[PDB]
Every structure is written in C-alpha cells, then in structure tokens.
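Protein chains in written order, with the deposited numbering: chain E, 3 to 233; chain G, 2 to 242; chain N, 1 to 196; chain d, 2 to 5; chain A, 1 to 250; chain B, 1 to 244; chain I, 1 to 204; chain H, 1 to 222; chain J, 1 to 195; chain F, 2 to 244. No residue lacks a Cβ here, since even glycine has one placed at the ideal position from N, Cα and C. Right, one structure below, let's go through it.
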Ligand SMILES: [Cl-]
Ligand SMILES: [Cl-]
Ligand SMILES: [Cl-]
Ligand SMILES: [Mg+2]
Ligand SMILES: [Mg+2]
Ligand SMILES: [Mg+2]
Ligand SMILES: [Mg+2]
C-alpha cells in the first residue's frame, strides 16, 4: 500500500511487496514442468502465442552441454539470468576444466537475484526458472524464484495452473523416479504431468516444448515435428 | 512534514532527527558516571544482563580505544560499536601520521566533527549514542571529554549520562561545592573507583553486586577495565566503612 | 649492516651493530637498528634505512590497530604483515628484516624475511652484509635452549666477528632481550668486543 | 642513500 | 548505497523565500548574543559563555577563535557548525592564500572564502545551510582594522559595530548611542562590556564572558626573536583576570 | 530512497513555465532597484542599497556594483552570495580570453557565457537556480558602449536603459519617458538618480543608501575609465542635481 | 637540445639610492640562427617589473600567466600587487610544475609603494627565490654578468649613475656570449617615474 | 652547504653557512638556510634549494593548522614524521636533506632527514657538502653536558670548518638557539668573517659614456 | 614539406610555400598547396612532420571558422596568431606534440595594416617584416636584410621573393619543385598562378 | 507520521521502525538454535518439508565460514546467504593479512558492523535475518547471535524463528541443570530434542532435522555436519522425549 513503492522498503508485517509483485508475474506465465529420475532430467513447457498469426514464445534455454532451464514470467529477465549462467558455467570450464555443479548454479542465481532486492533504484527479476542438469552427482532439478529462493526437487511446476501438474507429480513420485535408462518414458510422464494444467486447449505440434539431459545425453531441446511422438 | 525525517531545519530552526537521536541514547536504560583523581580518571557504568542465556563477559559498553584512551557509550550497542571501531582507527592513524599518541580531547573533537557532518549531510543518519572519552593526558592530566549526536563536545571536571543523569549530576555538583576543588583528592585509583561507586549508589538509591557494575580506569600510559572480582574487592572495601 | 636474532630457553634476543653508511662514509655510528613494532615483538633492520623505517612504521600502525580490536597479536601475525609489505612491493624495496617476538604460549620465535619477501621460521637467524662472514661460526656454535648469558655471549662473539671483517658494520653492539620478565636493552662498546 |  | 542526494535541499518557494536559509537565520536568533565594535586603533569581539552544566569546564569550549595571527572570529547559533567552519576557515587561509603568496590573507578575502563555503551549503546537493552567523574581526597592512558579519546565505557586510543573536535588536540600539569615529580601543572594550551586561542574565564575570581584541602587535606572543619584520600576532584573547579588572571601573 | 525528498528543480509546469525560475524572479523583485543608462559618451550604473542601518560601514562596502575587468562592470539584484559565485566565474572567464587571444573580452561573449551557466542550472543537475539578475555595463572596440541584462533563466537582452529588482515596472515607464538617443553621461546621471528617487520605497534618497558608477571615455584620449563613486562623491552629485 | 640555451638571452637587475634598474637584450634565435632583434624579455604588472630568460615559448607563456594572475589579484584585493608578494607568486607558480618545469630564469624588480624600499629577486627554473641587496643576473651570459656586476657595482648609486653601471654590465657581458645581444633595453625605476632606454650595441 | 645541529643542557642549537652555488659559481653570498617550521621548531636545509624551502613551508603550514586544531604547541616528532613520509613518497626525487631541531612540551629534540626519507637521532649532526669538515670538528670537540655558550661555540666552529675547507660552503654563519622555557633566538649573520676588502678603484663612469638610441617615459599608472 | 617564406610589405603580406611532397627517394607530388585560409583576411602556411601539418592546419581552420560563425565577426591577425601559439604551447608538453611550424599572414582591417607572424612548434611567436622556417632562413634572412625596405609595393615584394627562390634553387640540396605564392591584403587572399 | 516508510529515519521515540519491521520477517521464519558446550558449539535448524517432491538431505541451510565457523539463520534465506558471503570475504582478508584464522569475536564484529551499516542509509534495506553463529578459536568456544539492527552478544544458548520462545525455555533449563558444562555429543542430542519441541509451533507441515558442530575433541576444531549414525541416534533420542 504505502510500502510497495520500491524494493528497499519493508511493510509493517515484514513483507517485500515489490518482490511479491515480481512473484505475481510468474503466476501469469504459461505453465512449465520439471521432473527427473536417477539417470535423466526432463523439462516440459507449454508455449504461448500472441495470436494464430504469431510464433510460440520459446520457454527453454540451453546453458551448457550438461545444463539448461525453462522460464515462466518476464522473458527478457530469463535471458539476462540464463546469460549469467552461461558465463558461470563457462568460467568453471575455462579456469578449472570443471563442469559447473547444478547446485552451485542455484547458489549463484540466488545471490544475483538477492542483490536486486536490497538496493535503491533496482528492481527484482520478474521470472521463475526450472533448471535441470546432469553432473558428477547424477541428475538434478532446481526451482528458482526471483525472491532469491532456490530449491532442489524430484519434480515441480511453475506458471498458471501449475498446481495441477504439481499434485500429479506428488502422486506419481514413486513411479517416475525409477524410470532409469528410458528417456521416452520419462518424457511421457512429464507430458502427462503438464496435461493436468490444461484448460480448453490441448497439446499440439507447435505448442509443446520438451528438453532432456542425462547420463549419455547432452542437453537438447525438441520442438515441432520432433514432439509429435508424444501427443 | 519531511523536515522531521532528514537533517534539515524545521521552521523554528530545529533538527528533529538530531533530537530523536538523543532519545535513542537512553534506549538501553543504563547510567554512566566519570570522575577525575590526582593521577587517574575513573569511569563507571551499570551492567544489566536480563537474559540468562547471555554470556555476561561479552556484554559491555566500555571500550579500549587506544592504550591510553578509554570510551564508555550510552546508547544502542550497534551504534556504540560503530563509534568504537572508528575511534580506534582514527587514534591509530593519528599516531602513524603525527608520531605521538592521540590526546583524549583531540579524539573527542574529531568524533564530534564526524557527528556534526551527519547533522548537516542528508544521506547519513546521526548515531544514537553519547560517547564519554577518558584518559590521563601527558599534557593536560586527567581528562573527561564527552560527545553527543549534535556534534557538541566539552571537557568535564566530572560527568554523568543516562536516564537518571540529573540526579547523579547534582550529587556530584554538591560534592565539589563542599570540597572546593576540581577533582577527587585521592592518591590511589582504587579509592577513586570507590568514590565513584559510592556516589552513584547515593544518587540512584540502589545497591550493586559485582555483576551489576562495569568499571574503566585510566592511568598514565594505560587504560584498563576491571574484572568482576576487582569490582567485588572494591565493593567489600566500601561496605567495611 | 650485521644483524641477528636468537631464540633461547627463556625467550629470544635480538642483536645488531650501529653503522649507517653513505658510500664509505659512516653517516651514523650510533644507529639503532632494533625496532619496536609491539611491546614484545621487535625487528632487526637491514638494507635501505628509508625503506626499513617506512615498513616498520606501517607494521607498528597495523599491529596497534590489531591490538585495539583483537588484543595482542602473535609473532607469526607480525611477520605476516612484514611479508605482505615486502612481497607485494618487492620491485621497489631493499629490506632484509628479521622479526622476533615473545609469546607466553609459543615462547621465543624468530622469522627472517629476505629481499624477495619470503618467510622463514628458524631457531636463529642472521642477516645483513656482515652475516656472510659468520655463517660458519654461528652454525658451529648455536645450540637450542641456551641460557640468557650464553645467548648474549653467542650474539656478542658473532657480531664481533661480523664487525671485524665487514667494513659496512661497526660501532656499538646493541641487543634487546625479550622474555616473560619484560624488555631489557643491552649495549656493548668496542673496547670490550674487539678484543674477544 | 643510507644503508644498514 | 552512496549519497543519492545529488539534488538541492534548499529551493525557492512561490513567494521567493529560500526556506532553509530563513530557518537557519531563525536558529541564529535563538543563539546566545555576540557582538563586535571597531575602534580607531583596534577591534573588539565578545560573547557570553553559556555553560551547559556547572560540571562542564567552559575554558575547554572556545567561542572566540583565532583564524590567522591578525584575524579572529565569534558566532551566534549552532556551536558544532561554527567549530567545523573555523577548521575549514583556518585551512582555506593557507591553501588558497598563504601557500601561494607567502603571507596571510587580508580580512575581507578570508571572509570572502568563508562566505563561499556557506553559500555552497545553500545550493549543493544533499546538504542543509550552516546554522550560524559569524562576526570576523581583523587587521591587515593596506586596509587597517575591519569587522565583518557573515550570514547563513553567504552574504557578508562590513560594520563599525554590531550584534547578533538573542538580544541583538536592543544591543544594536545601545551601540548606536555610544559609537563614534574617535573611539580608542580601551573605550571600545568598555562599551562592549556594557552592551553585553544587558543581554546576560546570570553571573557576569571573566569566567562567563569571552572577549578578544585585534590591536597592536604582540612580540611577547610570537615565540621567537631575530626577524625584525615579524613582530607578532595582533589577535589576543583577554584573560579571565584582565576582564575582571575592567569590570571594577565599569 | 531519496526520490521522496526531491523538489525536481528543473521541470516544466503544465503551462510550460519553469517553476524555480519564476520563483527566483519573484525573489529578485524584492531586491533593491538597480538602473543602467547608456549614453553616447558613456554608461551610468545606479543602485539602491537594501534598507541601511546607521552603524553600517558605508565607504568600505560593496553590495550592488562589482568590477569584472577594467572595461566591464555589473549591477546586482538578488542574493549577493549567489552573485559573487557568478562574478568570480566571469572574472576568470575574462582572463582566460585575454590569455588566449591577447585582447580584452568582447562584452557580449562574457554575458553569453555567464548566461549559459545560469541556463544549465534550469535544464540539468537538479540544483536550484541562481537567484540573481545582472545589469552588465561595458565597452569594447566593436560595439562601443553596451548595456545587457541576464536573469535566472539564462536569457539575456541588450538595452539603452534598463532597471532590475524592485519597482521595475514604474522605473521602466519613467526611463522610457525621459530617455533620448543623443543623451550625454551627465544627463544620464541625473535621469538615473531622479528615477530611483521617485521609485524608492524609502522616505527620501540619501548618499548612504546608494551605489553609483560611470564608464566614460573621459580619460585622456581613446581609452575607457571606470569610476566607482565614493560616499562623498555621491553626496556631491546628489546636491548638484538638487535632490538633497 | 638544451631548452635553456636554444633561443638565448639575458636579464640583469640592480638597486640604487631610492631606485632600481632592470635590463635585457633583444635577441631571439634558434641556436646559431638569429631570428628576431625585437624580442623584449622585460614585462610589468602595475609597478612590479618581471624579466624572464630561457626558452622563449615559456617566457611568453609565463608573462601571459602572470598578467592573468595579477589582474585577478587586483580585482579581488582592490590594489596593485607589491614586489615582495609577486616574488612569492612567481615561486609558487614555478614549483607547481616541479617535475615538468618551465625552462626559465625570471627576475623581479620594483619599489614597494608603501615602504619606498627598492626590491630585486631572482629564481631558478623551479622557484627557488634568490634575494639580493645589490644585483640579480640571468641567462646564457650569466657567468659574464656575474663578473661585470661584481666588479662594477657599488651601493647607493644615483639613478643617472646606476644607468651607466647596469648598461655597461649588460653590454660587455653580451659581447662575450654568442647567443645574447642584438640590442638592449634598460628600465630606470624611481618611486613614481619610470624611464625606458634602448642602448646602441654591436649587432653581431 | 654546511649545516649542523648540537644539543646542550636546556635545549638545542642549529647553524648553517650562507653560500648558495650553481655549478662552480656563487649566486648568493648571504642566503638563509635556517627555516622556521613553527616558532620553536627550526630547520636547517641542504641539497636542492627549492625543495628544502618548499618542503619546509608545506610541513610548516600543516603544522600550524595541526597546532590550531589540537590547541597544542607543535612537536618536533610531528614535523619529523610529516617530512619523512612526504620525502619517502617521492623516492628521493625531492632533494631535501634537513636537520630538524626544536623544543616542545615533551622536551628538546635533534633529528636529521635524508632525501629518500630515512631519519636519524643524535646529540650532534651535520649535513651537506661540508658535513665531513664539520663532523671532524664535532667528533673532536663535542662532549656530554654542554652549556648554551659552549654549544654555540662548537656549532659555529663546525660551520667555520665547512666555510674554510669546503668549496661548496662560504661567507657567513647563521645560528638559531632553541632553549626550553624561552623564546627561540634566531641569530642572522652571527659571524661575518668574509667581508670584502676595499676595492682599489671606483668604476663610476663619466655620465654619457653609454651610447643611447632611444628614450621614452614608461606609463605605470592606470 | 620544407620551404615556407613570408614577406610583409607596405600594403600586403606575401607567403611562398614549396610544392614538393617527398617520401624516401620519391617525390610523390609536385603541386602540393601547404596553406589553409583561416578567415577571409588571414592565411596560414605550414611545414614539419608528415600528417601532423595538415591535421593541425585544418584543426585551426575549423576553430577560426567556428568563431567567425558564432560572433559574425572576423578575428584580427594578432588574435588568431595568439590562439595558434597557445595551441602549440599546449601541444609541446602533450604525450605526442604537433611537430608543425607555421607562418600567419593577415591584413588587419581595423588598423589597415599587413601583419606577418612566425610561430614554431614550441609556440615561439614573433611579428616580423619577413620570415622563414627550416633551412630556408639560413639563406633568405641575410638576403632580405640587404634588399628589403619597409615601404615596398606588392610588385616589389614579389621581385624580392623571386630573388629568394632563385637563391634557394641555386644553393639548396633538395629539389622542392618551385613555390605557390599567395597575397594577403585589404581585398582578401589571392593566388599568383604564374611563378 | 511516515517515520516507518524510510530506513535510517529516527521516530520521535528514537526507534528505526524499518529494522523492527525486518525483525517481523525473522519471526516468520523457521526455528534455528545454537548450543555452546564444553569445548565447542552445536547448531541445528528446522527444515519444513513443503512437499514430497523435496529431495531429502539436499537443501542444506547451515553454512560454513572459513574452516572453523558455522552459521545458521532464520528469516529471508537469501539475505542470510548474502551475509555469509560477506563473512567469508571478511574471514579471507583477515587470514590473508594476519595469517591466523579469524577469531570468533573478531568475526562477530565484522558481521555486526556490516549489518549495522545497513541501518545508516535510506538507499539500503536492513537484513531480514537473525544469524546464530560461532566456532572454536585460540581462546576456546564462542556462540553468537546477530540481529537486523546489528546488535549481537555472546550466548550460552541461542534461538530464533517462529519457535524461539519454546526453544529459549528449553535452553534455559540446560543452563540451570548443567552449571559445570554440557558435552559436545550431549549437545547434539539436546539440539535435536529442542528442534522437535520447537516444531510444535510449526506443526502443519512435518520437517527435516539438520545439525552441525565444532568441537576441539570431537571434530578437531573444524566445522562438520552431523550425518548418518550420529544423526539418526540424535533423531531417535528426540523422538523418545516427545512421547
Ligand atoms: Cl575533523
Ligand atoms: Cl636506521
Ligand atoms: Cl645489509
Ligand atoms: Mg543526516
Ligand atoms: Mg668494521
Ligand atoms: Mg653577442
Ligand atoms: Mg654573429
């Protein structure tokens, strides 16, 4: 009310309204799902268009050969944060000849988002990210919120109506976690998960976006006729 | 009325932020006192440790700024420690630049100047503290100099600070009316500490255990604080007279 | 210069000649090369007089500020501050410094810091132009856990020889004793040490 | 310059 | 972080007033009375030493300050503001004059530099004006004796005699009746003490009054001999005893 | 943050006016009147001191009239402290020009630069403008005798006769009435004093409440002299025209 | 390529009874090549006179700089600068360029208008003040000038006699220096009159 | 230059010659090498003349401001510390070699400073090109517990050694005595043992000797 | 670059500048105009380091033209020469100084007098009846000392100039490929095409 | 009014309302504690299991500074991480210049001054965390608790978060019942019990326990996490006490 003019102001109950308003931009965003087994990690994203004449906004971005994310909210903010991740992954390779741990990737994003919530003039990032990767400790899935909070999960979903997929994955936990050495089945589970967040619209060929990374699989994105297999 | 939020003049020529910083001074509800002997300068302050889970040895409002200068603070501990660290750095730099130990009054002026800047510059708030500096200066002898959030400072024959400061002040005034001198006519610092505690007891009307007090003593070439047992030894001497 | 510091049973003793040089001219025959950076942490200075004075002053300032915040610094800490200045400014400095101090936990300690700014903790150290002439003597005569009187004689005899052969060393032999008892200054004149 |  | 206040805190109101300057002058009005009188062979500046506590040593707090050997200053208003202005004024006399010309600045030019500093606090970003009015008395070879007032705006005026602060209105009227162009320095000191008694309420002696003069050179206060051209400071602070001597024949 | 306390000194009103410039002009309208009159053989500068006190030292005083160089002077209306900042800048600028070209600075060039500084404070920096209006009186070998005025907006214009400060409306009407082009300096002196005498808010115009200056070619052959009038000289010129 | 001896030139100053004299040659060259015989090296700011020898571009630059500074001085001070004060200003200004100096040898001369005392002073290229009762010399024939002044000079000379002494000092010094000469100017300075005389000298 | 400093009973005395040279030529036969930093702190300077004067004035200026700031009489060690840190910063490029001496609330003091920024303490010191001639005298005649008049004699004798034996030094002897509890007394030209003998001849020319081409009155007025 | 000369006569200033541009053992051009018009009654010739010369000349030209437009007025030759001198005086203590020597020939319309200024790369300015830069002066100065008179006409000045070029063409080691001659007077600047 | 809208502004009481508002954010956070023992310190924290989908043991909240200091905090987790990052820089520069690892009191003031600095200006926000931290140095064991104002003290036991009062009461009993001292292995067990007891104030979602410790004898003066058998043993001890 009187305490939402900027990020540097606390409310009387200890809330940061600008950060909460940034969180609200994620809720308006199109749904995206993340899940993993012990061998692979999968991102599934519902893409959104302006109208029938327009393209479908790309949701998934590659960060390295072993890491990448999906976005929900302000896309330009995802571009800034993904670019930072690309640089950090790259710094780790050039300087230490070391693939950046997915956990460190999460810590670095947290600290970058935080600085924008404690200084005058700036604003919080207005996007949520689901980071998947395969490193020296196996498959990983992270959830980034622009408050700074990063969380490691077996599965999750963010965006509009993400609660449907999040409930489904919570039920399916015991099944999909043991889909080891089988990419197509782990994707099927993710495609079925995102289907629980659909209303009036169904998954078409230029609507669905899938990404996968794993033990013997570099981070690769599937669009167009390559996702027809899963409809 | 944004003239009450930052350090600019109000219509009646006042600085409300400076005035409110003075009220923060008493937030700790602690009273301090300083007196001068022939050879020494003694400062005493109340020590209140309410929480049982606290480590009482780490609860202190007296600081050793340099080997010769001590400082007691009246006000919140974060601002107190801010002032202490700056004073230590200033005293160290002075010694390096000018080749002799920073006098108590010169440090007081310097810290008072810094405080003045916060009353004139908008982006910096005043510190909600009153700083009492004590030493035995090699030129001026026993010295007490006190700084406030307005940037005011002055030397003292003796002084007191805190919520019940006025009671202690008049108690000291009445003694110096009687003695007709500028100090405590006493040889040892031990008895000057005893005088300080005795007159604080009379003014405040409370009794003190060894853990209710905190004592700092300045002599030639060193300032030091007393342990609980040093104070207990001092309390026993008062009781047996 | 000829300088040295020697640990012993009760602590450590620093030793030095009193010669400052400006070519073959003796600019000061009564120089004090043993310098206080803290109550019981001292240093022996060799090399450039200006450089070593400037360094010692900065170190004294750093340890005074250290003491105000964290209490008495260790001898290792003092040596680390010397090192930092000597190492990072190696291109612009000519300073050979021996750091010596007394802790109650660690007793006597000696650290030598040569030109490059490396640190070397030793039982005893010798440095300065005149040290070259007493490597043989000092190695043969040093023993660990000597007494105060033995250590004083060791330093006196050592610097006596360094002074005898080195034209850049001479004057009086100054010494500083660092123990739990306190700080003692000793001086020894030519008429005594020359005829040793 | 002065040396030691 | 960093000073984000890069904008003026003193601005023009619709009526044309500069609020913060007016309010600074109001703070000066509340301040203790100080005055200055110019004689033919000297200048006197005086003020009351308002003690904050009887335990306080009022000798340690100097309201009358030496700026150069021939220039002194006194004020009315906020003490801390005055103290830092004296520091800055002493330094600027060296940096912008003595280090260039090898001699001390004339009164009018040092006054001009102090005025500049006070003007900048009226226009620069993120600062309030100084809450003081200064009276600066001084001597220099080519202008003789002079007395200046400097206000929070940065304006300065030369005076034969004047007063500032608490009871300045009455004190100025008193000085108008007594001042003539033939006053000797001792006559000006006498009038200064008379004028100040009206505004002082409590004790009136050499311990509660602070008074300094700009008069003859004082070779005994120089600290050395051998250079004929160096003859000593014209600024002298009257002692507590010297004031009481003049209060008997009052 | 600090946005809360920003007055925004360099913005437009809905009507397209600069708030702070307008309010600075309102301030200047209460300052003592200053008049400049340009004759064929010289220029007169006349200014009224702000309500004087009898104990003010009048001879060793300078409030209204300042010397920029040997050929140029200014009359001030507004905050004196603000004016001195600008005057010192103008003095330096004149010397920079002389150092660069080995010629005294043309009057307009000095006026334009000082006016450009004022303009800057109205467009950027977030600072309050200078609460000062100048009357520039000077001579150069291109245009001869010149009168200019500048105000807080940084706008400047040239004049044959002009007033700034208080009662300019009444003062300008009186100057417009009695001024003619073939006028001499001594006539202009009389016009300046007569106009102040009628527009003054005081009871009667006296020597102690005035500053006066002339810029003539009344030196010896083809050179210009600046005469800042002494108190006694103002007393005499006031008697000579029969005002006192 | 020695900056102080590319262009050539000399300046000398002397004191007399209630008067001072300052003189200079007129040559400006480029090593062996004589370029100008009208290059005066003495300037004045009010009643204070300044002579400058050395690199000609710096001579010109410093004249312009001291005209600049004395003009601002007069405006602020409301009086002419005195020789003692100007001497300090020259010293401050030269030392400001300590490690990139003007290659000059300035000489101040004048009478203090308050005390009436004759005053002269000299400087090195970086500001060191050299005060003297008798005479100051500067330029590529400074050795020669030192020799002439030390032998010819006597105290308390009348203005007319002082003119003869300083003129003969300069002329005979210049004729033993390849880079000095090509004309000369002498200033005789009394309390409130100054006479400037051009000397006839050999033009080789 | 020859400069010296000598400590005595109740204070310290410094002295210097009065010759300044440029190469082999004598520019001033009576320059002042004794500088005032504060009323009771004086310094004697050898080396680059402009550097000694400038560094002396700068530290003297800052010492005055410091004295006013602290409401205390300045100490010799403060001047010493400020000078050495300034000189050290410039790595010997400011060629100031100084003998610093004075009295203050702490007592009487005598130091020397070299161009690179090293300082020395002593009861007797000498700097400059004639320092070896001076030091020879000081080493021969100095003793502990000198009186005021003995120290002045020793100091001026040490300067005389430089005057007569060093080509860099000459002319007169300046002295400054700084005694505890008293004003410092600067004794300009304390000894003048090099007065020029009467010339054999007057070189006053007959009026009209110099040929003149042009005359003109110079306008100095406005 | 190499040869630039200047002669001030009764009513005009005449500048002569060599046409050759040589690099190594090759004369790359024999029709080079080593001059820039700064204003209608002010001309500047230049010689020195390759590149620096034209860069400096055009920079000065731009500044004077800027001044002319701003004030709707032509600077005096004296004023222009002082501006140029200061720029060179600044330059000599820069990281890389302009190694350019110039002559400035102008007609002052207020004084009705021709004026010739000689300025070297150090910023050394002198006003002269005749001037030269480089090795040219070693022949021309003595020649002009003999034949020059202050009351000469423009035609007499051109004949005096022919005498200088003839001497240079006889005794100078290098072939400078003749000169371009330009006259500055009350009517402005014009070029002599047949020299 | 409006005194609470800007940081660093004093109210007429002499209070900085923005700091007090930051304290509300801390009170909203999960419970964390610190127990000082014979020759070291023990840290424990409550991790709310929001969902089955959270990977157990893989969202670590306790943080190490240098090799001898442990830090835990309640409130805005990102703010805590920022403070630890600064702590690590402060500790690194201390060790760089002075060689020895940073003493705990020295380290405490470094954080204190940094947090206090964020109450001096309106262009920054106060920290939304209370931090419990400590370790072992040359002078033995030290436990500290730092608050948004920059205020810190040494503690025998410390607690913050939603269940601070429950934890404080339980801590006070240990101080009273063990005047001679508590052992390191005992303090680990007690830490588990207190977190379980403090969980009653946050009992909608079930939680995950996380413990760490520094001890001169047990961990050789270095900070280590309690895992495996020692963790399960501490959990079982806590489970037995609630029933
Ligand atoms: Cl300060
Ligand atoms: Cl040494
Ligand atoms: Cl060595
Ligand atoms: Mg403020
Ligand atoms: Mg030897
Ligand atoms: Mg010749
Ligand atoms: Mg010849």
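Counting only runs of 4 or more residues that sit fully inside the stretch 104 to 174 of chain H, the alpha helix (DSSP H) segments are 131 to 141, 148 to 165, in chain order. Between residue 27 (chain J) and residue 182 (chain J), the CB-CB gap reaches or exceeds 9 angstroms. Under the 8 angstroms Cβ criterion, the stretch 96 to 107 of chain A counts as touching the stretch 85 to 92 of chain I, having at least three qualifying pairs.
When F:70, F:97, F:176 are compared, the shortest CA-CA separation from residue 85 (chain F) is found for F:70. The contact set of residue 28 (chain N) on chain H, defined by CB atoms closer than 8 angstroms, consists of 120, 122 in chain order. Residue 48 (chain I) and residue 195 (chain J) have their C-alpha atoms some 52 angstroms from each other.
Taking every protein chain shown into account, the CB of residue 201 (chain F) has fewer than 16 other CB atoms within 10 angstroms, so this residue is exposed. CA-CA distance, residue 146 (chain B) to residue 188 (chain B), rounds to 14 angstroms.
A Cβ-Cβ distance of about 20 angstroms is found for the pair residue 23 (chain G) and residue 23 (chain A), leaving them out of contact under the 8 angstroms criterion. Below the 9 angstroms Cβ cutoff, chain B contributes 1, 2 as neighbours of residue 124 (chain F), in chain order. Of the candidates G:98, G:185, G:133, G:215, the residue whose Cα lies closest to the Cα of residue 113 (chain G) is G:133. Residues of chain d with a Cβ closer than 9 angstroms to the Cβ of residue 114 (chain H) are, in chain order, 2, 3. Residue 81 (chain A) does not reach chain H, its nearest Cβ partner there being about 17 angstroms away, counting only Cβ pairs nearer than 8 angstroms. The alpha-carbon separation between residue 86 (chain G) and residue 96 (chain G) amounts to approximately 16 angstroms. Distances from the CB of residue 133 (chain I) to the heavy atoms of ligand 5 are all 8 angstroms or more. Neighbourhood of residue 54 (chain N) in chain H, by CB distance below 7 angstroms: 88, 117, in chain order. Only exposed fits residue 59 (chain J), as fewer than 16 other CB atoms lie within 10 angstroms of its CB.
Look at residue 91 (chain A): its beta carbon is at least 8 angstroms from all of the heavy atoms in ligand 1.
Out of B:6, B:27, B:11, the CA that lies nearest to the CA of residue 167 (chain B) is found in B:27. Closer than 8 angstroms to some heavy atom of ligand 7: that describes the Cβ of residue 34 (chain I).
What residue 3 (chain G) touches in chain B, judged by beta-carbon distance under 8 angstroms, is 4, 5, going in chain order.
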